[PDB]
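Everything on this sheet refers to the single structure shown next.
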Amino acid sequence: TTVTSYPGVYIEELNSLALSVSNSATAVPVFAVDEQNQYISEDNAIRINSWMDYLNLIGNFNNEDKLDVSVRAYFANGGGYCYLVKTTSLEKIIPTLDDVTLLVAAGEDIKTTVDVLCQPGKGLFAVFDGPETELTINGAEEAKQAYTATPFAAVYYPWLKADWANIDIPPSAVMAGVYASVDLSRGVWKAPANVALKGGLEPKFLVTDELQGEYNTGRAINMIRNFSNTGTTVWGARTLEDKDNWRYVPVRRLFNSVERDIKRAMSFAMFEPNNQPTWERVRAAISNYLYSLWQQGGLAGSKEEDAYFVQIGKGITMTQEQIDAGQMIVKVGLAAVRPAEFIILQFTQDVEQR
Amino acid sequence: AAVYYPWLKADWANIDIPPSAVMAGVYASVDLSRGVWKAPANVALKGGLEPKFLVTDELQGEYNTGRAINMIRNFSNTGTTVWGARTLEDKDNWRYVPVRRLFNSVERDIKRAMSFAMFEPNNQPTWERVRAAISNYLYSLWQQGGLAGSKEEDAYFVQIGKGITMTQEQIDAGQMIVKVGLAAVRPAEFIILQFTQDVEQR
Amino acid sequence: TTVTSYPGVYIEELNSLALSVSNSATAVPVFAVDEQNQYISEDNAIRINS
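Chains as they are written, first to last, in the authors' numbering: chain A, 2 to 355; chain a, 154 to 355; chain f, 2 to 51.
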């Protein structure tokens, strides 16, 4: 540590491992632009902040082209900054980017590129757009066949039609803004459904309630439905996967933003020597992040011993021989809240029975 | 030994700087600031010099095994940082340059102390001083966190005495034998994170 | 399970078998229509809701 050579006063500042977890950039999307759009440069993530910032790329032509309408509809719903890449070089740019967590298809049919991109380790929940044609109720078995069931996706059926820019707006770029608006206003764990679309755009296809019955099961297609109380609202929080674990886009995107806020904090404690002083700081810094989500109501459970658990230590999670290979193992439990998809009400006339 | 791949390029002195002289200063900066047992990787280079060759992460996958080559990699959070603590040997004992250079600085600080007790006659008064003086050094490293283990009976052990480490016939040849155990800490090379949705299971 | 190749942070999500039993569609009938009824298409389960 310190060497003492000459008689004098030696100042040395020993400091413990200071570890804290930063939460930032929950929903920052990317837009796979149309390949024909000549204004996006080839193989460069040109980044835009606002619509006046985007308008320096192209000063006119808000009316016709389907990318140009989509990013205008994106900034109207929710505020964010988005990168614009061509779909030809989509798989080359996205891994070398800072925070891209919604690979949003602005009507470009990039299902194969999404499956190559997102492994279970990376993250970046990627929304899709529904089929622009009519979906009847008895043609449900074929309309689901085009999408392949993966828990990193979401489909939204009715393509939207607005007053300005008379071409049909894709629903995926519209719903991309509602994600960043909900994750900013009420946090990431609240489901992005049941929020009115702030832009003045109506669904082109009306939604029967029985039509949503046989589509919102299996690899579900969420449906934008307009009714009289709140206007045109999004009405689906299900992803493209039907099992008990990963059924919901709030329960999926909470496990993205927790597994990315901790991974940035683990870069500070990267090459620290792992013993009992080190993994007490890593346990206490992660458990304060998972406690702050529990006080905000993002995790279910009555008290904090049930909402989460974190376990580091020789013995408990890793053996001695794994320490000799230099790999410390952190087990993290989360009980994420799931939305009330079907609130049911049971009415009894037996009040003394209880 | 230790190898560091990308030769560095700086603004001043436009010839290519070798990485070995650059990494030599980071060793003396880490060993002074946080001690010898902390791994000399994950420290930004204070000089204004960038790597001449960019490092792909998959390129480091098949080079950081076997007789490994450590790689200086620049990323956006901390700048150009050193990113390897492995030596040129792939076995379980001597895999790391902190676990190697701790066994150099302990086996040289004690060897200078053994010159004072060099020709002392070895009996029960002598090797009680040598046992108690070495065990206080290995206790001071344990309180600084340089040695793993829960309590001091597990972090180290030192054994001198007729019987235990040396026999009677080796005393008659005049050679006393000191056995010293160390459990040096090894760096977290691959921190892995396992996420479960079963919180009442634990 | 997991392979460790390069020094870094590895996220792997191990999840237990989540199994739950869904109860739905207890009594959904089919109607063998009359063979003379020309409006039902041949060999196709035409489905009606209301």
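Think of the CB as a built atom: it goes at the ideal place given N, C-alpha and C, for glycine as much as any other residue.
If the cut is a Cβ gap below 9 Å, which residues of chain a does residue i touch?
i: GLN328(A); result: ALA341, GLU342, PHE343, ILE344, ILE345
If you drop the 5 nearest sequence neighbours on each side, which residues of the same chain put their C-beta closer than 7 Å to that of residue i?
i: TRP247(A); result: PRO152, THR240, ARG253
i: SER51(A); result: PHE76
i: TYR180(a); result: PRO193
i: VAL101(A); result: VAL29, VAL31, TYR84, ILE95, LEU125
i: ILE313(A); result: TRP280, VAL283, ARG284, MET329, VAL331
i: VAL156(a); result: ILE222, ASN223, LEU241
i: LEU18(A); result: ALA270, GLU273, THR279, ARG282
Closer than 8 Å by beta-carbon distance: list the chain f residues that pair up with residue i, in chain order.
i: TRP236(a); result: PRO8
Which same chain residues, not among the five before or five after residue i, have their C-beta less than 6 Å away from its C-beta?
i: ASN38(A); result: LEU68
i: residue 1(A); result: Nothing in the structure corresponds to residue 1(A), since chain A is present only between 2 and 355.
i: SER90(A); result: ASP44
i: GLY302(A); result: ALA308, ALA336
i: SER258(A); result: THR27, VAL189
i: residue 1(A); result: Nothing about residue 1(A) can be read from this structure; chain A reaches only from 2 to 355.
i: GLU133(A); result: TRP160
i: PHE310(A); result: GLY334
i: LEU136(A); result: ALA144
i: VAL34(A); result: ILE41, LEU68, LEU85, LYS87
i: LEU291(A); result: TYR309
i: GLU109(A); result: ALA33, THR88
i: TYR158(A); result: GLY131, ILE222, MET224
With 16 other CB atoms within 10 Å as the buried threshold, where does residue i fall?
i: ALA26(f); result: exposed
i: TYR40(A); result: exposed
i: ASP130(A); result: buried
i: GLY237(A); result: buried
i: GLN328(A); result: buried
i: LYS332(a); result: exposed
i: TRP165(a); result: exposed
i: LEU20(f); result: exposed
i: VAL117(A); result: exposed
i: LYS87(A); result: buried
i: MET53(A); result: exposed
i: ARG355(a); result: exposed
i: residue 371(a); result: With chain a covering only 154 through 355, there is no way to say anything about residue 371(a).
i: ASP351(A); result: exposed
i: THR114(A); result: buried
i: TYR7(A); result: exposed
Output, in chain order, the set of chain f residues within a Cβ distance shorter than 7 Å of residue i.
i: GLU211(A); result: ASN50
i: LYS244(A); result: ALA19
Cβ closer than 8 Å: which chain A residues qualify as neighbours of residue i?
i: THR2(f); result: Going along chain A, no residue has its Cβ under 8 Å from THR2(f), so there is no contact; the nearest lies around 11 Å.
i: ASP351(a); result: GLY334
i: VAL338(a); result: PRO274, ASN275, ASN276
i: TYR249(a); result: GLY327
i: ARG253(a); result: In chain order: nothing, as chain A lies at least about 13 Å away.
Give me the chain a residues within the contact set of residue i, using Cβ-Cβ distance strictly less than 8 Å, ordered along the chain.
i: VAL331(A); result: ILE344, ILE345, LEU346, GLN347
i: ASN38(A); result: Near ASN38(A) there are no residues of chain a at all, since even the closest Cβ is about 29 Å away, more than 8 Å.
Looking at the C-beta of residue i, does it have a partner C-beta in chain C at a distance below 8 Å?
i: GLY122(A); result: Checking the listed chains, one finds no chain C in this structure; the protein chains it contains are A, a and f.
So residue i contacts chain A; which residues on that side make the cut at Cβ distance below 9 Å?
i: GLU14(f); result: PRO121, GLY122, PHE256, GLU260
Quick one: list the residues of chain f neighbouring residue i, beta-carbon separation under 9 Å, in chain order.
i: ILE138(A); result: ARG48, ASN50
Can you name the residues of chain a whose CB is closer than 7 Å to the CB of residue i?
i: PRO278(A); result: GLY298
i: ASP325(A); result: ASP245, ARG339
Whose C-beta lies closer than 8 Å to the C-beta of residue i among residues of the same chain, with five residues either side of it excluded?
i: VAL196(A); result: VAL179, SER182, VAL183, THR234, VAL235
Cβ pair count under 8 Å reaching 3, the region 192-202 of chain A against the region 72-82 of chain A: Taking a cut-off of 8 Å on C-beta distances, the region 192-202 of chain A touches the region 72-82 of chain A, as three or more cross pairs fall below it.
Chain f contacts made by the region 259-272 of chain A, where a contact means CB separation under 8 Å: Correct list: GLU260, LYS264, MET267, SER268, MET271, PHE272.
Three CB pairs or more closer than 8 Å across the region 186-194 of chain A and the region 249-267 of chain A: Result yes; three or more Cβ-Cβ pairs closer than 8 Å.
Taking contact to mean 3 or more Cβ pairs, one atom from each stretch, closer than 8 Å, check whether the region 136-148 of chain A and the region 210-224 of chain A are in contact. Segments in contact, yes.
For the region 17-28 of chain f, which residues have a beta carbon sitting closer than 8 Å to at least one beta carbon of chain a? Cβ contacts with chain a come from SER17, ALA19.
Which residues, taken in chain order from the region 286-310 of chain A, show a beta carbon closer than 8 Å to some beta carbon of chain a? With the criterion set as a beta carbon lying under 8 Å from some beta carbon of chain a, the members of the region 286-310 of chain A are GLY302, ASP307, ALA308, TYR309, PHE310, in sequence order.
Within 8 Å, do at least three Cβ pairs link the region 315-331 of chain a to the region 290-298 of chain A? No, the region 290-298 of chain A is not in contact with the region 315-331 of chain a.
Chain-ordered residues of the region 200-232 of chain a with a beta carbon less than 9 Å from chain A: Listed by position along the chain: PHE228, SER229, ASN230, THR231.
Contact the region 4-17 of chain f vs the region 109-127 of chain A: 3+ CB pairs below 8 Å: Contact holds: three or more Cβ-Cβ distances are below 8 Å.
Could you tell me whether the region 271-279 of chain A touches the region 341-352 of chain a, where touching means 3 or more Cβ pairs closer than 8 Å? Yes, they touch.
Residues in the region 179-203 of chain a having any Cβ partner in chain A nearer than 9 Å: Correct list: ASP184, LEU185, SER186, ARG187, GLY188, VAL189, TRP190, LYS191, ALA192, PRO193, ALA194, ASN195, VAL196.
What are the residues in the region 86-106 of chain A lying within 9 Å of chain a by C-beta distance? Those residues of the region 86-106 of chain A that come within reach of chain a (Cβ to Cβ, closer than 9 Å) are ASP99.
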